[PDB]
Structures are given as C-alpha cells and as structure tokens.
Amino acid sequence: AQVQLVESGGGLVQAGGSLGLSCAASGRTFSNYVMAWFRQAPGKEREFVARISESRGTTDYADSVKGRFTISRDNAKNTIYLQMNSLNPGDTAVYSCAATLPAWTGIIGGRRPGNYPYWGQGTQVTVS
Amino acid sequence: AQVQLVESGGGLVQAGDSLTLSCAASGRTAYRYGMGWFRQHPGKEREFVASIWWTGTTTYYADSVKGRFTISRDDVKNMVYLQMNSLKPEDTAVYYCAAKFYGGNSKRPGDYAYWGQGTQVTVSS
Amino acid sequence: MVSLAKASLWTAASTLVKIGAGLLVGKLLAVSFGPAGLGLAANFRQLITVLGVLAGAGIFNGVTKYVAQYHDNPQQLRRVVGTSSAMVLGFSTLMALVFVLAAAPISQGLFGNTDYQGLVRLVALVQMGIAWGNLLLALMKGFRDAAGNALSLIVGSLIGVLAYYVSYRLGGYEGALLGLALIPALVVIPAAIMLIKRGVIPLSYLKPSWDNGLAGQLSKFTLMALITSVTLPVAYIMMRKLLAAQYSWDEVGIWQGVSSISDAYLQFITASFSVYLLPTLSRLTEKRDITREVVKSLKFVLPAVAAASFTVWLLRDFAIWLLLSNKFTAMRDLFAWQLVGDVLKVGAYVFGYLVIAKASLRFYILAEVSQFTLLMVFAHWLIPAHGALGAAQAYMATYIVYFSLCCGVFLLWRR
C-alpha cells in the first residue's frame, strides 16, 4: 500500500520567469495526507521548499522561496501544485514531492525529509 | 478422530466469469488440518490446484492456476474457499477438497487423508 | 536477608512496568505510523537494543562481578569503579565520534536513505546516557540492591514514556525514533539519584582511573558480551531463513510471536539472576558453597518457570487475542513446545551465570558453541518438515539436552 508520486511540469526558464509544477499521488485518502515539496541542487542535500497540511489549507514555506513560490492542493484530482514565481538561477535543482501522515509531521517536523516515507522520482527545474 | 468435508459451489459458468467454491470442515480440532483443492478430469487422475498450510500462513498453487486462483480459510467457521477468476476451458472438472492433519503442503493426493464429495464445475466457451 | 525470591519480587515489579511501557509505546507506534514506519525503524530499534549492551563495551556483567567481589575492600572498589568509569567514558565518546562523523553511512544502512543524519548525531548523546545508566545499574547489582535497581527502572520507564510522547507529538516520526532511543537513556537520572541517596558508593569513586590488571579482566567480559551478540542470534537468523524457504515468512511470524511473549514472561526470573545469582556466586570461592547456591537456585526457579509457563499455556488464547493480532489462531499449538523449552532454558541459565561469575571464557565459548550446534542440528531436522512447530521442537529439544549436559558437566566439575 505505497502511494506513487509522479511529478510533471519541469523545464528551463529564464531569470525572473515563472513555472508551475504538479505531482499526482496514487491512491485514496489523499485528503488525509500531508504534501510537501523538496529540491536538491547538483551535489547538495535535500532541502525544504513548501508543505501543505491536511485541513484548512495550512501552508509552510522555506525562507528562500517565501513570497516567490506557492503550494496548493486538489483533493478531487489527487494532485498538488507548486507555482514558482520570480525564478533566479539559484533555484536550479531537481524538485520532488513527498507524501506523509499528520501523525508523522508533528508540530515542528514538517521540514525534515526523514518524516516523509513516500517520495517522487523528481523533475528538473533549470533557471538561466 | 476425523474431519468431514462438505463441498459447495460449482455450476455452469461462462468462459471468463468467476466462481467461488467452499469446503466446510466439521470435526474436532479442525484448525490442525491443512486443506487442499484437487480437480479431476473425466476419468483421468486427480490433479493438484491449491492448498493451505495447517497454520494458515503458507498457500500453495499450481502453475496453471497461479494467477487466477486464490485459496483462503476462515478458522472461525472452519471453511475453506477457492475464489476462481477468469475461468478457462481446461477448468472443467470435479473439484475436491482434501484434508490432512498437520499437512497441506503437498501437491500429491496420496498425502491427504480426508476427502469430500466433489462439485461439478464446468465452463461454457 | 537477601535471597533470590526477594530479588525476584523487586524484579517482577520492574518487569511489569517495563513490559507495560513497551506495550503502550509499541501500540502507539502502530497506530501513528503503521507497518510502513515499523519497517523503517526495524534496523534502528535493533541498534538501540545492541547499544544497551555495547555502549559501555559490555563490561556491566564484569562490573557487577568485581564490585561484589570487592564489596568489602574500599581501595580495590575504587579501582573497580574507576577503571569501569574510564572504559565507559572512553568507549562511549569514541562511539559518539563515530556516530557524528559517519552519520550518512549509518543512516544509509539503517533506513536506506540519508534523511536521518541528525537522528544519528542525536543517538551519539543518547548512547552516552545508555552506557552511564547501565554502569550505575551494574554497581547497584554488585551490592545486591534489588530495590535500587527496580526503582530506577520503574521511574525511568515512566519518564521514558513521557519523553516518547513529548518527542513524538513534537518531532513526529523522527521524534518517536528519538523517544525510542531515549527510553533506555533516561534511566541514568533515577539510577544516579538512587546511587547517591542510598549511599552505596561515594561519587568520587566514579572519577576515571585505570588499573591495568582490572582493565584486562573487564576486557574478558567485553569478549563474552561480544560473543552473545552474534553467536545465538545468528543461529536464530539462519533458522528463520530456513523456515522462510520451506514455508512462508508469516510462518516465521507465528514463531516470532510465541518467542516474543516468551521473552517477556521469562524476564520476571532471568532479570533477577544479574541482581542476586551473579554477585552471590562471585563472592563464593568454595565449590561446596557454590554447589549449595546453584542447587538452591534450581529448587526455586524450576517450579517458578514451570508454574509461570503452565499459566501462560492456560492463557495462550488470551495472548493471541491481545498481545498478538489474532491473525493465525493456530499457533496455540506452538506454545507447549516453546514453554517446555523455556523451563529447561531457565534452569541452564543458573550454570551460565556461574560461568559469568567465575569469568571463565573457556566454559563460555563451550556453552555458546554447544547451544549453537544443537540448535542447528535440530533445526535442519525439524523445520523443513514441521514448519514453525518444528522450530519450537528444535528450541525445546536443544535446551532439553543442553540442561542435561550442563548438569553432567557441573557434576564432573564438582568431583
């Protein structure tokens, strides 16, 4: 009973542009799951990007992408989006979506990758 | 003592349809008997289909029934089931359920001690 | 006066709270994270278990043996605690450096990813408290202080559950992992408080010192602790693989479930051997008094384990309904075989703790090799034909002939 995450919408955009990412999660109880986005620069470590909760649309963003990126969810289509505005070359990384339960995320553990058991393969985002 | 096996199910289904057989086991310490399903073609020898270990943890299947068949057992009602899917024309046989004390891991009819009266399972291509 | 029964009463109290806290936390692990989280934390929880024996270089059984031996001599007692404190300090700091530097490889092997480096660096401080707590519990065992050891485990089990709940509700899965590691680690607070309140040893005795002749003797207890951590566990590992080959992995699961509840109810007796039997036999230097103490211990533990095993057999359906998921209710036949082998395994533990109390590496390797060999001969003979049931007969027949050989070897050692 492992959920499958398939990302889409990755490409090469110029500086200051915008690009939207999507990630479809396989299975039911998508409305009960906590979704998040992560990125990984070439030769770096998985770093937090954004995260949406299971109710009331509670969101959390990394300081480097606050005000620039926007995360949203759709429980009817079992997908989550990451609208990336005001792109700079520092955002060139492989972006991956992750799925977890609210019992995992806790209160202050929403940015730790070890608390998301299911991960996606990751799509490339490149900023000139 | 022993266990009495009463089979239930079968009939004239179509090719690709589904069917569920049920083997009711009546006796003392019925949870100790491993159960297996066997089928017999017209006048030919009895062939192995599926079986279950006496603890209900290991299920054994024949290569011809590997994907489409599923054996199970409810230890509360002491009844063994055989869920049949995608019935093919070679599945036309008399389906027996067998039992063996602390058994159910054999593909041979000789390794089973208690048998029941089969059910007529025939498909209509 | 001190006896095995009084120590068993205090041990039974601490074991009741220990298994109760483990059942409570374990059920919270399943409800919160399910089989997915339970599978990721499998290698981590085993690391916490081996850290309870390997954090302080496994000298705790030697600490108890030599503290009891030098319970009267204050000067040699300082050298026992002083050398033990230095070994625990040096080994745990070396372990902390290994965990903090190689946090990525350990996380790769324990979880499959590198997302748990910070947890491993937190284990470095956790295993420091595990080693120091186990040392303080070893000193209290050397003085046959059953109440001090029991009270430290009970208080440490209560704050360990509170710490797990605090860490899990705050950090979540990684917090629940830290809480699982903190349960054996937070016993250092009640153990230290119980050490200075009862005044068994002055705190200056814990100052790090080094006695060459005493460090080598504790090193022999380190070798014995390293042997048990691989010998019989690997034998059992080979047994589950042979079972999972001839049968299913779930058939291994019903054998693991019977053995799991066997380990819990046997801990009411086995945990008191380190509190009374090990220190008492270390003080005895004459074979006449050693024979009297060993026979007296067998006169008590044999009917005790037999009565406890029988009642577990009468309540075997109760255990499958609650402690197990009641998924394969046919394992009720695996009980009688395992519970008979539990009785004769407890009786052989008396001779095993006598080997520990005398620091005999020769008789230790002989005992571990015998159990390994007998377990492997009986497994290859019963598992491929009788399934998980045969794995219990292999466990029962191994310790049936092992207790007979332990009796015969003890008789040849006496005459």
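Determination of this PDB entry was carried out by X-ray crystallography to a resolution of 2.69 Å, according to the record.

(A) Expanded view of the overall build of chain A. When helices and strands are tallied, chain A shows one helix and 11 strands. Mapped in sequence order, the helices and strands of chain A form the string β-β-β-β-β-β-β-β-β-α-β-β. For a compact globule of 128 residues, the expected C-alpha radius of gyration is about 14 Å, and chain A comes in at 14 Å, within 12% of that figure. Principal-axis analysis of the C-alpha atoms gives chain A an extent of 40 × 30 × 30 Å. Sorting the 128 residues of chain A into buried and exposed places 47% on the buried side. If you take every contact in chain A between residues at least 6 apart in sequence, the share linking residues at least 24 apart comes to 58%. Accessible surface, chain A: about 6,000 Å² in total, of which carbon and sulfur atoms supply 49%. Positive and negative charge centroids in chain A, built from 12 and 8 side chains respectively, lie 3 Å apart.

(B) Summary view of the overall build of chain C. Each helix and strand in chain C was counted, giving 16 helices and zero strands. The C-alpha radius of gyration of chain C comes to 21 Å, within 12% of the 22 Å expected for a compact globule of 415 residues. The principal-axis extent of the C-alpha atoms belonging to chain C is close to 60 × 60 × 35 Å. Each of the 415 residues in chain C was classed as buried or not, and the buried ones make up 52%. Contacts in chain C between residues at least 24 apart in sequence constitute 81% of all its contacts with a sequence separation of at least 6. Accessible surface, chain C: about 18,200 Å² in total, of which carbon and sulfur atoms supply 68%. For chain C, the centre of its 31 positive side-chain charges and the centre of its 15 negative side-chain charges are spaced 7 Å apart.

(C) Fine view of the layout of surface pockets. All names here are of chain C. The volume enclosed by the second largest pocket comes to roughly 380 Å³. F351, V355, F363, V409 and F410 are, among the 17 residues lining the second largest pocket, the residues nearest its centre. Taken together, the elements giving at least two residues each to the lining of the second largest pocket come down to helix 15 (334-357) and helix 16 (361-414). Among the elements that take part in the lining of the second largest pocket, helix 16 stands out by supplying 10 residues, more than any other. When its residues are assigned to classes, the lining of the second largest pocket shows 13 nonpolar, three polar and one charged.

(D) Up close: the state of the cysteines. For the coordinates displayed, the defined rule picks out two disulfides over all chains. The residue that forms a disulfide with A:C23 is A:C97, at a sulfur-sulfur distance of 2.0 Å. In this structure, the disulfide formed by A:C23 and A:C97 twists by about 70° around the S-S bond and is classed as right-handed. Separated by 74 residues along the polypeptide, A:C23 in strand 3 (residues 19-25) and A:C97 in strand 9 (residues 93-100) bring together distant segments of the chain. Residues A:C23 and A:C97 agree in their burial class; the two are buried. Here B:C23 engages in a disulfide with B:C97; their sulfurs sit 2.0 Å apart. As the torsion about the S-S bond is roughly 60°, the B:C23-B:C97 disulfide counts as right-handed.

(E) Structural detail: the sheet that holds strand 7 (residues 69-74) of chain A. Residue and element names in this part refer to chain A. Here four strands make up an open sheet; going across it, the order is 1-3-8-7 and the pairing antiparallel. Looking at the sheet topology across the chains shown, the edges are occupied by strand 1 (5-8) and strand 7. Strand-to-strand twist of the sheet, defined as the mean angle between neighbouring strand axes without regard to direction, takes the value 15°. Where strand 3 and strand 8 (residues 79-84) come together, six bridges link them in antiparallel fashion. Across the sheet, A24 pairs through a bridge with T79, a residue of strand 8.

(F) Examining the packing of helix 6 (residues 117-142) of chain C against helix 8 (residues 173-185) of chain C more closely. Residue and element names in this part refer to chain C. Two numbers describe how helix 6 lies on helix 8: the axes approach to 8 Å, and their chain directions differ by 15°. One element, helix 6, and the other, helix 8, form an angle in the roughly parallel class. Crossing handedness for the pair helix 6 and helix 8: right-handed. Of helix 8, the residues touching helix 6 (which contributes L119, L122, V126, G129 and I130) are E174, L177, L178, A181, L182, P184 and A185. Tallied by class, the residues present in the contact of helix 6 with helix 8 amount to 10 nonpolar, one polar and one charged.

(G) How the structure looks around the nonpolar core. If you look at the biggest cluster of nonpolar residues, it comprises 173 residues, and the most contacted ones within it are B:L82 and C:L139. For this core, the leading source of residues is helix 16 of chain C, giving 20 residues. Residues lining this core come from more than one domain, with at least three contributed by each of domain 1 (4-210) and domain 2 (230-414) of chain C. The contacts of B:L82, once residues within four sequence positions are left out, are B:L19, B:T20, B:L21, B:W37, B:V49, B:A50, B:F69, B:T70, B:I71 and B:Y95.

(H) The arrangement of helix 11 (residues 231-246) of chain C in detail. The end-to-end C-alpha distance of helix 11 of chain C is 23 Å, a good match for the 22 Å that 16 residues give at a rise of 1.5 Å each. Among the structural elements, helix 10 (212-228), helix 12 (249-283) and helix 16 of chain C are those in contact with the buried residues of helix 11 of chain C.

Calculation notes
- Here the residues of each chain are numbered from 1 in the order the sequence is written, which can differ from the numbering of the entry; residues without coordinates are not included.
- Labels are handed out in written order, letters beginning with A for the chains and numbers beginning with 1 for the ligands.
- With hydrogens and water excluded, all non-hydrogen atoms of the structure serve as input to the side-chain values.
- The numbering of helices and of strands both runs from the N terminus, where a helix is a DSSP run of H or I of at least 4 residues and a strand a run of E of at least 2.
- Radius of gyration here uses only the C-alpha atoms, and the compact-globule reference equals 2.2 Å multiplied by the residue count raised to the power 0.38.
- The buried label applies to any residue whose accessible area, calculated with a 1.4 Å probe on protein chains only, is under 20% of its type's maximum; exposed applies above 50%, and partly exposed to all values in between.
- Only heavy atoms enter the contact rule, under which two residues are in contact if any of them lie within 4.5 Å.
- Per-residue and other accessible areas were derived by the Shrake-Rupley procedure at a 1.4 Å probe size, with only the shown protein chains allowed to occlude residues.
- Residues counted as positive are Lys and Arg, residues counted as negative are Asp and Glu, and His and the chain ends are not counted.
- Charge placement uses NZ in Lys and CZ in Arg. For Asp and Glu, CG and CD serve respectively.
- Here the term cavity refers to a set of points on a 1 Å grid, laid over the protein atoms alone, in which a 1.4 Å probe fits but cannot get out; the term pocket refers to an open set having protein on both sides within 12 Å along at least five of seven lines, with lining residues being those that place an atom within 4 Å of a point.
- Grid points are joined across faces, edges and corners, and a volume is the space filled by probe spheres set on the points.
- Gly counts as polar in this scheme, as do all residues outside two lists: the nonpolar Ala, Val, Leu, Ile, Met, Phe, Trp, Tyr, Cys and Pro, and the charged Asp, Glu, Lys and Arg.
- Disulfides are defined in this document as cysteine sulfur pairs within 2.5 Å.
- Strand pairing requires that DSSP identify at least two bridges connecting the strands.
- Orientation is described by lines fitted to C-alpha atoms, with helices fitted over the stretch in contact, and by angles between N-to-C directions that extend from 0 to 180 degrees.
- Each angle gets one of four labels, with under 35 degrees taken as roughly parallel, over 145 as roughly antiparallel, 65 to 115 as roughly perpendicular, and the rest as oblique.
- Left-handed is the label given to a crossing in which the near helix is rotated counterclockwise from the far helix by less than a right angle, and right-handed is the label when the rotation is clockwise.
- Buried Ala, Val, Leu, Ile, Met, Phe, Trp, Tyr and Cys residues form a nonpolar core when they are joined through side-chain atoms within 4.5 Å.
- What fixes the domain bounds is an automatic or database domain assignment.
- The span you would expect from a helix comes to 1.5 Å times its residue count less one.

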